[PDB]
Amino acid sequence: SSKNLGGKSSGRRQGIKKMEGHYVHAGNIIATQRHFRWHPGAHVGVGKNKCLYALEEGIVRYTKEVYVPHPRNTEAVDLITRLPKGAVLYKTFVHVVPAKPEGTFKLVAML
Amino acid sequence: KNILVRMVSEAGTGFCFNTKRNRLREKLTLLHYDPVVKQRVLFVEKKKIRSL
Amino acid sequence: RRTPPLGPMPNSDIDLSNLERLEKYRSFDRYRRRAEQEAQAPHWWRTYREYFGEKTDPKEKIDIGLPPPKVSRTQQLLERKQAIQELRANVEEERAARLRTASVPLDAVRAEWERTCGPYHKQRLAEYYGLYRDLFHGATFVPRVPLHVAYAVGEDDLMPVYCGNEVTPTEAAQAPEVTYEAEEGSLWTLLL
Amino acid sequence: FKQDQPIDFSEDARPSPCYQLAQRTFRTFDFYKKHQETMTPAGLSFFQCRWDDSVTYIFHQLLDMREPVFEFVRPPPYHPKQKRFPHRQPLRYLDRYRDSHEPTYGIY
Amino acid sequence: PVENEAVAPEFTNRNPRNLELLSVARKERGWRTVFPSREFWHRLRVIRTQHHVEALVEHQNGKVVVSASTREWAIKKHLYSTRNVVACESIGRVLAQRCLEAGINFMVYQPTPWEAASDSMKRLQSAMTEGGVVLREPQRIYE
Amino acid sequence: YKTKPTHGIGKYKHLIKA
RNA sequence: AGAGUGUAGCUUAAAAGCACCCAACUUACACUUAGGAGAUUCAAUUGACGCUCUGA
RNA sequence: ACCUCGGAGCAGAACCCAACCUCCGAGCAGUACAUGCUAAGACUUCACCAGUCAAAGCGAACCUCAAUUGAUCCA
Ligand SMILES: [Mg+2]
Ligand SMILES: [Mg+2]
Ligand SMILES: [Mg+2]
Ligand SMILES: [Mg+2]
């Protein structure tokens with residue numbers, strides 16, 4: 001008689017907030033989630049809760065590049081060494097292509 | 001199990017913080033930042049006001 | 001709702017059976033080399049070499065330089081083999097290699113590099129800085145004959161210019177000294 | 001470059017002074033197009049140049065003009081549209097769109 | 001008026017080696033989860049093979065500006081056994097010389113721990129630093 | 001994505017048996 | 001007697017990339033480090049010194 | 001039988017969705033206190049109260065886990 005308890009959970013509102021084509025500025029969070037689903041690529045930083053945020057202004061792109069794990073993470077090291085000769089991973093990476101330049105040259109005085 | 005104590009600085013009195021500590025050990029003498037000196041001085045355990 | 005792939009899968013050339021007989025990756029450097037080699041192959045999906053701007057690398061340019069001289073490669077190879085065989089017979093070189101103490105002259109290797117693959121490195125450094133893109137508008141060449149220019153400032157040293165050096169205007173107020181090998185029967189035109 | 005037969009040009013000559021920047025507008029592409037079947041490139045050497053104290057004297061007693069100055073400017077930072085009620089914003093939100101950091105007075 | 005005063009308010013630069021020389025070029029940050037991450041301008045690519053030792057210097061785009069390998073006759077004829085430590089030391093020295101002759105004097109070396117703990121890589125880094133080029137590129141102004 | 005032609009590209013546990 | 005051939009164990013490589021062994025760690029395997037031996041069979045696209053197959 | 005919160009399917013590929021539908025749990029922890037001070041841009045458990053990431057600077061040698069918790073007044 002009503003043995004289960006604690007199943008009254010709510011939604012975390014985790015998902016993609018900026019798709020490919022939207023003009024994302026610097027600092028806008030791309031997508032918050034748990035576990036590395038969309039690994040960061042170019043101009044995409046991470047935090048503590050494994051979130052994605054942009055660093056420069058431009059168009060966010062979603063491609064699939066190779067996954068090269070870090071040698072210090074022994075788990076990924078053994079997961080890679082347990083692969084046969086000729087096995088790749090290819091995960092989804094998030095890239096932000098910059099459009100506006102970071103500065104230019106402008107005349108000030110004339111002496 | 002644990003206990004919360006307050007550390008008093010030697011140089012520049014007036015700045016103190018709180019940190020966790022074991023209950024079956026001795027006192028603490030760590031290196032904490034002091035804003036009034038902008039360096040690193042010594043801190044001594046003094047007066048506990050928590051028993052968690 | 002399933003669409004067929006628009007090309008061969010990267011993990012489809014191998015079979016999922018008899019995996020215990022295939023040789024696994026014994027280290028990580030092999031996997032790193034395999035990844036960096038596969039990342040260079042043109043794929044059919046969205047890759048990094050497409051969105052960040054590559055200025056269209058697959059494009060053959062036009063060479064406007066001098067052709068390389070006709071040199072027999074087999075004779076040069078056998079001469080180099082004989083030279084390294086005569087040099088290997090020395091025992092002092094073996095002792096220097098075993099004692100981890102063996103130095104080489106810098107001027108000799110510099111001259112040999114300038115005489116051999118010097119023009120190739122000069123051309124790749126010139127195309128890295130985008131010289132052929134602004135001068136000849138894409139057309140590139142190879143400087144066959146070497147060039148040497150050294151300024152005159154103080155009274156003992158010098159201010160040479162190589163393949164991307166840094167010369168201050170206070171040390172380049174006068175005309176430098178250009179020196180290059182040439183024969184009697186050919187004219188040159190210097191442009192700066 | 002390296003030319004084959006001795007050819008002389010006169011439309012690219014410069015006078016003895018040659019201190020005018022309007023006449024030194026040289027183009028290597030057009031110069032190579034005008035002389036294509038004659039000269040052939042065979043040598044190249046480049047270097048980097050920076051600003052020093054001799055540029056002032058050069059512009060003074062070599063070009064008869066003033067020394068131009070520049071500055072690596074940067075675009076202004078991005079800021080969203082200022083709403084009427086900034087919900088959950090720090091006190092420094094009004095200073096982000098403020099012109100001058102001085103107490104302004106209108107009719108007073 | 002002077003006709004030579006045509007300066008214009010906006011001045012452009014057609015040199016790719018310009019933004020990184022003034023500490024104003026942006027670094028392709030991110031990645032994090034992989035190693036050699038692209039937050040630099042010049043890298044020290046080293047390839048060790050059982051026959052020859054090749055070292056390259058590549059930019060953030062993917063092209064090499066200068067390389068040093070024992071396959072070249074200029075280095076192969078002055079030493080013996082392209083596998084020992086003196087070979088890689090001479091390769092590092094000639095690479096430092098070529099990069100000093102090319103103007104580049106800032107590069108980031110991010111090797112592996114098992115290779116950094118060896119002696120050949122340490123002596124190569126020592127010969128690179130003693131040549132006149134220090135590793136570890138500085139920070140970026142307004143990153 | 002499941003419907004895109006690049007589906008099942010990040011699969012890796014099918015190539016191992018440990 | 002005829003045919004297929006022709007870079008070390010391999011190359012839709014032109015003197016390189018994969019391979020092998022020894023010395024250090026390991027019960028042992030293995031990574032890594034420190035080293036070693038290796039080839040265009042001859043005379044200018046041609047003809048013949050090595051292997052295999054078909055025979056007697 | 002329960003009174004708070006998280007996860008697994010119902011809710012399958014952006015997001016949200018309940019049941020006295022069936023199961024694991026949590027009221028904490030193994031180690032350094034720069035676990036210092038400011039400051040663009042966002043997500044936000046479908047409102048609010050709350051929570052979280054971070055550009056850059058001064059300062060310094062060169063942070064792990066899933067819930068893991070307590071507001072007004074007063075002392
Ligand atoms: Mg639920
Ligand atoms: Mg609910
Ligand atoms: Mg909300
Ligand atoms: Mg910071």
# chains A, B, ... in the order shown; residues from 1 in each chain; ligands from 1
$ residues_near_ligand --ligand "ligand 4" --cutoff "9 Å" --atoms "only C-alpha atoms (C1' of nucleotides) and all ligand atoms" --output "list in words"
residues 54, 55, 56 and 57 of chain H
$ residues_near_ligand --ligand "ligand 3" --cutoff "10 Å" --atoms "only C-alpha atoms (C1' of nucleotides) and all ligand atoms" --output "MDAnalysis selection string"
(chainID A and resid 13) or (chainID H and resid 43:48)
$ interface_residues --of "chain H" --to "chain D" --cutoff "12 Å" --atoms "only C-alpha atoms (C1' of nucleotides)" --output "PyMOL selection string"
chain H and resi 38-42+44+48-50+55
$ write_last_selection --atoms "C-alpha atoms (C1' of nucleotides)" --output "PDB file, in the first residue's frame"
ATOM      1  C1'   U H  38      35.654  43.519  -8.280  1.00  0.00           C
ATOM      2  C1'   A H  39      33.247  43.065 -12.895  1.00  0.00           C
ATOM      3  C1'   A H  40      30.454  42.124 -19.465  1.00  0.00           C
ATOM      4  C1'   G H  41      27.032  38.264 -20.748  1.00  0.00           C
ATOM      5  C1'   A H  42      22.917  33.772 -19.558  1.00  0.00           C
ATOM      6  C1'   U H  44      16.352  29.555 -14.141  1.00  0.00           C
ATOM      7  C1'   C H  48       7.731  35.116  -6.943  1.00  0.00           C
ATOM      8  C1'   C H  49      10.962  34.137  -2.947  1.00  0.00           C
ATOM      9  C1'   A H  50      15.765  30.978  -4.339  1.00  0.00           C
ATOM     10  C1'   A H  55      34.903  37.373 -20.243  1.00  0.00           C
TER      11        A H  55
END
$ closest_residue --among "A:9, A:32, A:74, A:49" --to "ligand 2" --atoms "only C-alpha atoms and all ligand atoms"
A:9
$ closest_atom_pairs --of "chain G" --to "chain C" --cutoff "8 Å" --atoms "only C-alpha atoms (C1' of nucleotides)" --output "JSON lines"
{"residue": "G:15", "atom": "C1'", "partner": "C:77", "partner_atom": "CA", "distance": 7.9}
{"residue": "G:30", "atom": "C1'", "partner": "C:26", "partner_atom": "CA", "distance": 7.5}
{"residue": "G:31", "atom": "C1'", "partner": "C:27", "partner_atom": "CA", "distance": 6.1}
$ residues_near_ligand --ligand "ligand 2" --cutoff "12 Å" --atoms "only C-alpha atoms (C1' of nucleotides) and all ligand atoms" --output "number ranges by chain"
A: 6-12; H: 5, 16-19, 45-46
$ interface_residues --of "chain H" --to "chain F" --cutoff "12 Å" --atoms "only C-alpha atoms (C1' of nucleotides)" --output "NGL selection string"
:H and (12-14)
$ write_last_selection --atoms "C-alpha atoms (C1' of nucleotides)" --output "PDB file, in the first residue's frame"
ATOM      1  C1'   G H  12      11.075   6.920 -26.787  1.00  0.00           C
ATOM      2  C1'   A H  13      14.902  12.123 -31.241  1.00  0.00           C
ATOM      3  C1'   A H  14      14.356  20.681 -28.210  1.00  0.00           C
TER       4        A H  14
END
$ residues_around --residues "region 3-14 of chain G" --least-positions-apart "2" --cutoff "9 Å" --atoms "only C-alpha atoms (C1' of nucleotides)" --output "list in words"
residues 16, 17, 18, 19, 38, 39, 40, 41, 50, 51, 52, 53 and 54 of chain G
$ write_last_selection --atoms "C-alpha atoms (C1' of nucleotides)" --output "PDB file, in the first residue's frame"
ATOM      1  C1'   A G  16      60.309   6.866 -46.072  1.00  0.00           C
ATOM      2  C1'   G G  17      56.345   4.695 -43.247  1.00  0.00           C
ATOM      3  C1'   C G  18      55.191  -0.268 -40.863  1.00  0.00           C
ATOM      4  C1'   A G  19      58.337  -4.625 -38.483  1.00  0.00           C
ATOM      5  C1'   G G  38      68.495  -3.949 -42.212  1.00  0.00           C
ATOM      6  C1'   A G  39      67.515  -3.033 -48.923  1.00  0.00           C
ATOM      7  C1'   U G  40      66.237  -0.225 -55.906  1.00  0.00           C
ATOM      8  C1'   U G  41      71.125  -7.719 -58.771  1.00  0.00           C
ATOM      9  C1'   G G  50      67.291 -14.671 -57.769  1.00  0.00           C
ATOM     10  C1'   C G  51      62.085 -17.149 -56.650  1.00  0.00           C
ATOM     11  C1'   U G  52      57.523 -19.787 -58.163  1.00  0.00           C
ATOM     12  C1'   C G  53      54.383 -22.535 -61.580  1.00  0.00           C
ATOM     13  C1'   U G  54      53.623 -25.580 -65.931  1.00  0.00           C
TER      14        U G  54
END
